[PDB]
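In the block that follows, a single chain appears as structure tokens, in the form deposited in one PDB entry.
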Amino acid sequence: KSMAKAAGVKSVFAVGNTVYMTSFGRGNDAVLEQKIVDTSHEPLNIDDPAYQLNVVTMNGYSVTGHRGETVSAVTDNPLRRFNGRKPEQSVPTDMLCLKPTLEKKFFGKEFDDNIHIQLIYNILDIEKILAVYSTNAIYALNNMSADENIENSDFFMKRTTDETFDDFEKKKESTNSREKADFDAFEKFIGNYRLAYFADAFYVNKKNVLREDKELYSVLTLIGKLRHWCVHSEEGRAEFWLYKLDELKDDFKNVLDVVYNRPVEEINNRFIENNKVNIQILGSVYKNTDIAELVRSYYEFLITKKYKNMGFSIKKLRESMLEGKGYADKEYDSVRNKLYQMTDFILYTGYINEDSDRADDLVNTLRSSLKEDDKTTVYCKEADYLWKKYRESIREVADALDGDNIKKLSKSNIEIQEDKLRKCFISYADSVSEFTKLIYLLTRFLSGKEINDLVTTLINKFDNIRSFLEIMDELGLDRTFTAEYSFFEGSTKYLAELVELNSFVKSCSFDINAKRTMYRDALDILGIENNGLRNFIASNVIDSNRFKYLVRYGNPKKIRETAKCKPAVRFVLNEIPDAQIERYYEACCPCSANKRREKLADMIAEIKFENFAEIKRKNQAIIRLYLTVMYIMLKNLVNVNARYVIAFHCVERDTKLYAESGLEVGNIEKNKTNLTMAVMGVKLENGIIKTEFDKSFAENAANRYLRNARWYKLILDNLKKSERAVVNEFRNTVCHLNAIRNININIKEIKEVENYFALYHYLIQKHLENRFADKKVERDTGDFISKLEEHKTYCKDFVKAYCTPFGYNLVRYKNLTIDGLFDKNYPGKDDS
């Protein structure tokens, strides 16, 4: 990024008439380095400072870094932000000018600093990412109905954790038509075989059998409420719902526990098997502590390598000491290939239980050493020490680890008491907080890449929150949250939970015994419509991790009709590297890369086998190419949709803050553009914005983004072209993924696909055409639809018309309306 980070400036904070500077501690920890009053400074961290101040000025501070490869950098004084070249110093606002309201929301008072708002914006990013993956999860559940109804039924949208199943079953005989249809919708859902795609959530190994209705309902109700709370903005106490999950009724806690216990128990039991003999031998050779603490330590050192602190090749030291001894030979058969690794733990305990002075002297020598020659000499002396002082006990290991003794000990266990054993490995539900269990439930419906992105984003944002909460203690600032957000005072615990979650969370497998139902989908995803070949194709499809995504987020024969779109196929296989195109074509065919792409783009469209040796590998080559192409396409469209889900989430959230700040924002459900009009200070009359542009409006625009006349005038001009109904149906298309559901109709006629932005917006614009074709449409929307039929490509004007709700955040509006600005990975020229 920047020289300030390279110099080690982790942050610069303002606190009244004082400025504080920080550097990177261990991990994401911050340490205080300097304070500036005015043109004058005082050092901190005096025993290991990361950088020094070369000269301090009111414009900015110059620094030189000791912490690494030395660089010289300059950093700008936060108090002169917005105050250079025309009261000359002030604590900066956020761009939205919501800082006083956000501070008065999460904490009780306005704070006169800019440390609190960074924490708050991390809280807002946690909700931002949950709105995305909860929307994806509910879409994945709703897709199960797509073979029976095209509509996104309300059954998932209305659910709340207020109604327990015992007052919902009362609807079975209720007289009210909607409540009856709601229960018959639940009965229709629980009978669908496609629950087998989510076996880890809905099935219990007890063959594995479908759970009792009360738990299926409680799962659906939890995920539905999580979506409703993320995508809408709640009123009253429901706003605090995610932060008051301790208040959930017993059925939801019990279902969360019984879902979370099945991965934990499995992994907490595998380790008690693959290790029995090793743990017993260690528990005999060592007697120095309660054996549960030995087992804890062995688990900890096996699963966490501690290289973030013990950052040196202890394994090289081991080899340097054991080389040339029988310990490096077939002295006994048991460990010539594997099973050797407790020797490392013997070394590790030889560092933890004693000679920690030598370990600290080693860590110092490793900091002071210059050459690999030095580290090698030190390793040789450590080998000379350890091989005489402590290693002799491994001879008793060599006595204990004989093969028949291994076989005997395999019939035995460590005899830790059950309630102690269950507290020396991965914690069970009883200990894990409801938030992490609900995150695990959400992850049950997601792809592995989505699980990784979600969990690591949560880890990062909680670690940031923790770091700021630590900073505020040393600075002596008021840290105490409002009572309703006191959840975040446990954030250091939740980070420890989330990093534990990342240690075992994994993609939802299918039921192994269920595959004979997926067979029909596995054939209908290709369009194959003697039996051994068909069974082989089915088995080589159902095992594919790409099929497991593609059939959960899409209807298979709808994917097969989508694969007839030669332009989109040709585009997505243009982005496959040429060497991969060779690796496919050499396997599928038995000469330019363009003509080979074109040929396999026709092969993948006419793909079939039949009417309902290496040949098998040829068949795999055809299958693996096909599923890969569609996987890349649909994933990226879903990833484009998430960006607009965030945008509408923000529209909902910031409206309530702008309303809370005193702006007459109006009804955001009647017209999503009301906030932008409110921020622009313009008001509709008779359905038209009458006002022309004037500088006096921009100079009074309610946020910093809209202060500039150029983009204010452009947003006003595009907003006069918007239409209420089209923006609302765009919003619902985004929140329901209807554009991706109806992909075989929206994609029917495209000339060319330039990028996934153009494809996604063609899908939306053709959906809006299909929704408004039978309705009265006003002038500019009719022109946009005309240009959408004259050119079989998305209208660049229409997207910047219907995206006008986001205009209040100019950076978001630009990013979501100009391609090449859209994707971090594919930069390009902006227009206008």
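We number the residues from 1 along the sequence you see. Definition used throughout: the rigid core is the maximal C-alpha set that superposes within 1.5 Å between two forms. Only residues modelled in both forms are compared.
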{"query": "At least a third of other PDB entries omit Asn149", "finding": "yes"}
{"query": "At least a third of other PDB entries omit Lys599", "finding": "no"}
{"query": "Deposited residues omitted from coordinates between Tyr307 and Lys308, as a class", "finding": "none"}
{"query": "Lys86-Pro87 interval: deposited residues absent from the model", "finding": "1 to 3"}
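Not pictured, yet referred to below: the form deposited in another entry.
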item: Core-superposed comparison between the shown form and the other one: the option from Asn502, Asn275, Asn728, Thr492 whose CA moves 2 angstroms or more; value: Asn275
item: Threshold 2 Å Cα movement between the shown form and the other one for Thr457, core superposed; value: no
item: Did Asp329 shift 2 Å or more between the shown form and the other one, C-alpha, core superposed; value: yes
item: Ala483 C-alpha relocation of at least 2 Å between the shown form and the other one, rigid core basis; value: no
item: Distance trend in that other deposited form - C-alpha atoms of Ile414 and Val264, change of 3 Å or more; value: farther
item: Comparison of CA distance in that other deposited form with shown form for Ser491, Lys306, at least 3 Å; value: closer
item: Shifted regions of at least three residues between the shown form and the other one, judged by C-alpha displacement of 2 Å or more after core alignment; value: 274 to 298, 300 to 369, 373 to 423, 507 to 512, 610 to 612
